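Below: the structure, in structure tokens.
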Amino acid sequence: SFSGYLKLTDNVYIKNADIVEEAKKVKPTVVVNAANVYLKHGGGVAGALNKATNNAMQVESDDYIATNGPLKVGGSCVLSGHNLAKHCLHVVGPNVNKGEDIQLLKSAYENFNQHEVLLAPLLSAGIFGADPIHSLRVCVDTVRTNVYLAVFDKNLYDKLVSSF
Ligand SMILES: CS(=O)(=O)Nc1cccc([C@@H](CC(=O)O)NC(=O)c2ncnc3[nH]ccc23)c1
């Protein structure tokens with residue numbers, strides 16, 4: 001039920017929207033979380049998604065980590081979407097502020113290819129420290145499935161479209 005999106009390519013779409021509000025409106029099959037390897041959803045997209053689930057996402061994530069250990073940078077896991085989606089694909093993009101290799105951003109986007117359609121943020125952008133224009137280019141050049149990108153900041157949305 002996605003609406004108001006601008007088509008960038010055959011499979012990539014973009015909208016100036018809060019991913020939490022977009023998830024509550026659409027209730028997609030898959031919402032992507034901008035996760036860290038420990039699934040500690042403190043801030044950014046992860047903190048906002050977890051807060052919308054009344055912390056049920058953090059409780060579920062802590063049990064997952066206790067059983068399986070941390071994810072790899074560039075890796076992912078599928079957990080419940082709670083009240084936002086059927087599923088949440090927790091994807092770990094490299095955190096540039098922590099010295100993580102930006103080359104892992106392509107591996108992180110490759111996780112999207114296991115799902116026919118997804119609502120997602122730009123990986124590694126925001127508090128993760130990477131250039132969002134770079135993140136959109138890697139998204140477009142890596143993801144082959146249908147991805148609906150929610151870009152929170154209006155000025156960033158405008159720059160992303162103008163420079164595409
Ligand atoms: C530094 S920047 O990436 O160019 N600018 C930026 C400006 C404002 C925000 C951001 C990042 C910050 C971050 O969550 O780590 N936000 C998002 O990517 C985002 N996207 C969709 N829906 C959302 N709901 C809550 C956050 C959010 C980034």
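Simple scheme: letters A, B, ... for chains in structure tokens order, numbers from 1 for residues in each chain, numbers from 1 for ligands in the order shown.
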Q: Please identify the residues whose atoms come within 7 Å of ligand 1, using only C-alpha atoms and all ligand atoms, and report them as a VMD selection string.
A: chain A and resid 17 to 20 43 to 45 48 121 to 122 125 to 129 131 to 132 150 to 153 156
Q. Just asking: which residues within region 5-148 of chain A are alpha helix (DSSP H) according to DSSP, as a ChimeraX atom specification?
A. /A:19-26,44-52,56-68,104-110,132-142
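Our summary of the geometry notes that CA of residue 101 (chain A) is positioned 25.4 Å from CA of residue 49 (chain A).
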Mind checking which residues fall within 12 Å of residue 139 (chain A), counting only C-alpha atoms, ignoring those fewer than 5 positions away in the same chain, and posting them as a PDB file with C-alpha atoms, in the first residue's frame?
```pdb
ATOM      1  CA  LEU A   8      14.194   6.608  -9.115  1.00  0.00           C
ATOM      2  CA  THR A   9      14.789   3.381 -11.101  1.00  0.00           C
ATOM      3  CA  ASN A  11      12.871  -1.013  -8.480  1.00  0.00           C
ATOM      4  CA  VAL A  12      13.882   1.923  -6.227  1.00  0.00           C
ATOM      5  CA  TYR A  13      11.369   4.479  -4.897  1.00  0.00           C
ATOM      6  CA  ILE A  14      11.859   7.410  -2.460  1.00  0.00           C
ATOM      7  CA  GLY A  93      25.554  -1.123   7.779  1.00  0.00           C
ATOM      8  CA  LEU A 105      27.700  -1.131   2.702  1.00  0.00           C
ATOM      9  CA  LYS A 106      27.210  -3.156  -0.530  1.00  0.00           C
ATOM     10  CA  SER A 107      27.108  -6.427   1.527  1.00  0.00           C
ATOM     11  CA  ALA A 108      24.579  -4.762   3.886  1.00  0.00           C
ATOM     12  CA  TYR A 109      22.258  -3.797   0.965  1.00  0.00           C
ATOM     13  CA  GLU A 110      22.567  -7.359  -0.489  1.00  0.00           C
ATOM     14  CA  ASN A 111      20.419  -8.567   2.460  1.00  0.00           C
ATOM     15  CA  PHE A 112      17.480  -6.631   0.847  1.00  0.00           C
ATOM     16  CA  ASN A 113      17.577  -9.025  -2.164  1.00  0.00           C
ATOM     17  CA  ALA A 120      13.761   1.014   4.394  1.00  0.00           C
ATOM     18  CA  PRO A 121      16.035   3.836   5.488  1.00  0.00           C
ATOM     19  CA  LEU A 122      19.353   4.692   3.724  1.00  0.00           C
ATOM     20  CA  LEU A 123      21.871   2.330   5.369  1.00  0.00           C
ATOM     21  CA  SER A 124      25.000   3.773   7.124  1.00  0.00           C
ATOM     22  CA  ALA A 125      23.711   7.360   6.753  1.00  0.00           C
ATOM     23  CA  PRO A 132      23.745   9.534   2.188  1.00  0.00           C
ATOM     24  CA  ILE A 133      24.278  10.308  -1.541  1.00  0.00           C
ATOM     25  CA  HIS A 134      26.803   7.415  -1.593  1.00  0.00           C
ATOM     26  CA  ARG A 144      17.191  -5.728  -7.345  1.00  0.00           C
ATOM     27  CA  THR A 145      13.983  -6.173  -5.299  1.00  0.00           C
ATOM     28  CA  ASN A 146      11.377  -3.412  -4.709  1.00  0.00           C
ATOM     29  CA  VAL A 147      12.673  -0.940  -2.123  1.00  0.00           C
ATOM     30  CA  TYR A 148      10.708   2.036  -0.783  1.00  0.00           C
ATOM     31  CA  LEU A 149      13.135   4.455   0.852  1.00  0.00           C
TER      32      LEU A 149
END
```
Q: Could you tell me, as a PyMOL selection string, which residues of chain A DSSP assigns to strand (DSSP E) when given the backbone?
A: chain A and resi 6-7+12-16+30-35+76-80+87-92+117-120+146-151
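When only C-alpha atoms are used to measure the gap to residue 163 (chain A), the shortest distance among A:136, A:141, A:31, A:91 belongs to A:136.
Checking A:36, A:68, A:50, A:61 one by one against residue 95 (chain A), counting only C-alpha atoms, you find the shortest gap at A:36.
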Near residue 75 (chain A), within 6 Å and counting only C-alpha atoms, which residues show up once chain neighbours fewer than 2 positions away are dropped, as an mmCIF file with N, CA and C atoms, in the first residue's frame?
```
data_model
loop_
_atom_site.group_PDB
_atom_site.id
_atom_site.type_symbol
_atom_site.label_atom_id
_atom_site.label_comp_id
_atom_site.auth_asym_id
_atom_site.auth_seq_id
_atom_site.Cartn_x
_atom_site.Cartn_y
_atom_site.Cartn_z
ATOM 1 N N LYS A 72 27.137 -9.764 12.172
ATOM 2 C CA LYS A 72 28.359 -9.314 11.564
ATOM 3 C C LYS A 72 27.994 -7.936 10.978
ATOM 4 N N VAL A 73 29.001 -7.049 10.821
ATOM 5 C CA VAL A 73 28.791 -5.797 10.091
ATOM 6 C C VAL A 73 28.572 -6.233 8.601
ATOM 7 N N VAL A 92 22.832 -4.496 9.437
ATOM 8 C CA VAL A 92 23.954 -3.745 9.992
ATOM 9 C C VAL A 92 24.807 -3.125 8.900
ATOM 10 N N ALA A 108 25.743 -5.056 3.054
ATOM 11 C CA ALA A 108 24.579 -4.762 3.886
ATOM 12 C C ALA A 108 23.318 -4.656 3.003
#
```
